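In what follows, chains are A, B, ... by sequence order, proteins preceding strands, each numbered from 1. The figures that follow rest on heavy atoms only: side chains count, while hydrogens, waters and symmetry mates do not.
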2 protein chains.
Amino acid sequence: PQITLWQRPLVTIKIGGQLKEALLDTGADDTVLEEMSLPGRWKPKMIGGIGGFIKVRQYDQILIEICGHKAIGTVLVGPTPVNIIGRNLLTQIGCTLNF
Amino acid sequence: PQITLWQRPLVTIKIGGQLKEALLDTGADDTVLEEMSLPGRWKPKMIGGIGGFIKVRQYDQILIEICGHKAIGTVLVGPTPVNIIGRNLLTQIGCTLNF
Ligand SMILES: COC(=O)[C@@H](NC(=O)[C@@H](NC(=O)[C@H](C)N1CCC([C@H](C)NC(=O)[C@H](C)N)=C[C@@H](Cc2ccccc2)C1)C(C)C)C(C)C
């Protein structure tokens with residue numbers, strides 16, 4: 001769809017059996033999601049952001065359905081305020097920026 | 001133009017007679033630039049990102065030329081890593097998300 005930006009660009013995702021709303025973020029390289037129950041093994045990592053750095057669990061090859069399109073990639077689960085869908089997955093569902 | 005997302009969406013802005021480069025961020029509600037010499041009166045404000053909170057100087061009514069397009073808005077200048085063009089200016093240059 002075409003999404004104008006007079007409101008936050010949130011979209012429903014289906015991840016690990018659960019339904020969530022995540023923000024479409026072109027300024028984020030990675031997908032970072034708030035703490036939730038995910039199947040499997042993971043590696044600790046520390047991602048940087050504007051207020052500093054947070055420690056996250058890294059899950060690779062996690063299937064996620066962003067507004068009906070399916071994608072498989074790495075998801076970082078941690079202390080994020082909002083669920084962030086970053087550029088490693090937006091490229092997969094074919095998303096572009098236009099002006 | 002149309003921007004795909006395999007690389008960061010960085011564009012050239014002209015602000016306060018200085019040439020800068022900045023991230024086109026759909027996920028940010030506000031625009032926040034690195035520390036710079038800018039004339040005027042500003043107000044103390046503090047914003048959040050992941051990792052936490054930074055104190056910034058907010059300035060209203062500043063002209064920014066984002067890839068040639070002129071826009072007048074609120075710009076926050078402070079200790080950010082990258083310069084971020086958030087939704088208050090992105091709606092002015094007509095930017096939309098497509099997929
Ligand atoms: C560096 O690796 C990454 O890709 C990280 N990327 C970033 O932090 C990048 N920035 C962003 O994604 C943008 C600017 N953004 C940060 C500030 C930001 C805006 C400026 N904050 C606000 O408007 C608050 C509500 N006043 C929102 C972030 C999402 C969010 C929402 C609510 C509370 C906290 C965070 C998203 C830059 C620093 C490379 C991910 C952790 C998101």
Q: State yes or no: do A:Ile15 and A:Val11 share one hydrophobic cluster built from I, L, V, M, F, W and Y residues joined by side-chain heavy-atom distances below 4.5 Å, directly or via other members?
A: yes
Q) Which pair of non-hydrogen atoms, one from A:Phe99 and one from B:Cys95, has the smallest distance, and what is that distance? A) CB-CA, 3.7 Å
(Q) Take a 6.0 Å sphere around NZ of A:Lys20 and say whether it holds more than 12 heavy atoms from other residues, nucleotides or ligands. (A) yes
Q. Do A:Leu97 and B:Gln2 come close enough that some side-chain heavy atom pair is under 4.5 Å?
A. no
Q. Does any heavy atom of chain B fall under 4.5 Å from the side chain of A:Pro1, the backbone, both, or neither of them?
A. both
Q: Calculate, to the nearest 0.5 Å, the distance between atoms OG1 and CD1 belonging to B:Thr80 and A:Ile50 respectively.
A: 6.5 Å
Q) Within a reach of under 6.0 Å around CD of A:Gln18, are more than 12 heavy atoms found that belong to other residues, nucleotides or ligands? A) yes
Q.
Quick check: is A:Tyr59 connected to A:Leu63 through a chain of hydrophobic side chains (ILVMFWY, heavy atoms under 4.5 Å apart)?
A. no
Q. Are A:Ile66 and A:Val82 connected in a single hydrophobic cluster, I mean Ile/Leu/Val/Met/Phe/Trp/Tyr linked by side-chain heavy atoms less than 4.5 Å apart?
A. no
Q.
Using a 3.5 Å distance criterion without hydrogens, assess whether the side chain of A:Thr26 forms a donor-acceptor pair with backbone atoms of B:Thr26.
A. yes
Q) Contact part of A:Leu90 toward chain B, heavy-atom cut-off under 4.5 Å: side chain, backbone, both or neither? A) side chain
Q: Would you give the length of the straight line joining atom OG1 of A:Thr4 to atom CZ of B:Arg87, rounded to the nearest 0.5 angstrom?
A: 10.0 Å
(Q) Looking at every heavy atom in both B:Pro81 and A:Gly49, which two are closest together, and how far apart are they? (A) CG-O, 4.3 Å
Q | B:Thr96 and A:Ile3: CA distance, side-chain angles, deciding distance, side chain to side chain contact (heavy atoms under 4.5 Å, CB included) verdict | A | CA-CA 5 Å; B:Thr96 61; A:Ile3 311 184; over 6 Å; no
Q) So which part of A:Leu5 gets closer than 4.5 Å to some heavy atom of chain B, the side chain, the backbone, both or neither? A) both
Q.
More than 12 heavy atoms of other residues, nucleotides or ligands under 6.0 Å from CE of B:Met46: yes or no?
A. no
Q. Can you tell me if NZ on A:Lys45 sees more than 12 non-hydrogen neighbours from other groups inside 6.0 Å?
A. no
Q.
Please classify the contact of A:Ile85 with chain B as side chain, backbone, both or neither, using a heavy-atom distance under 4.5 Å.
A. neither
Q) In Å and rounded to the nearest 0.5 Å, what is the OG1 to CD distance from B:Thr91 to A:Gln7? A) 10.0 Å
Q) In the single-linkage hydrophobic clustering (I, L, V, M, F, W, Y; side-chain heavy atoms under 4.5 Å), do A:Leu89 and A:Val32 co-cluster? A) no
Q. Is it the backbone or the side chain of B:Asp29 that comes under 4.5 Å from a heavy atom of chain A, or both, or neither?
A. side chain
Q: Examine whether an atom of A:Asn88 lies under 4.5 Å from a heavy atom of chain B, and if so say whether it belongs to the side chain, the backbone or both; otherwise answer neither.
A: neither
Q | Within one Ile-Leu-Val-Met-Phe-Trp-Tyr cluster: B:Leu76 and B:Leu38, side-chain cutoff 4.5 Å | A | no
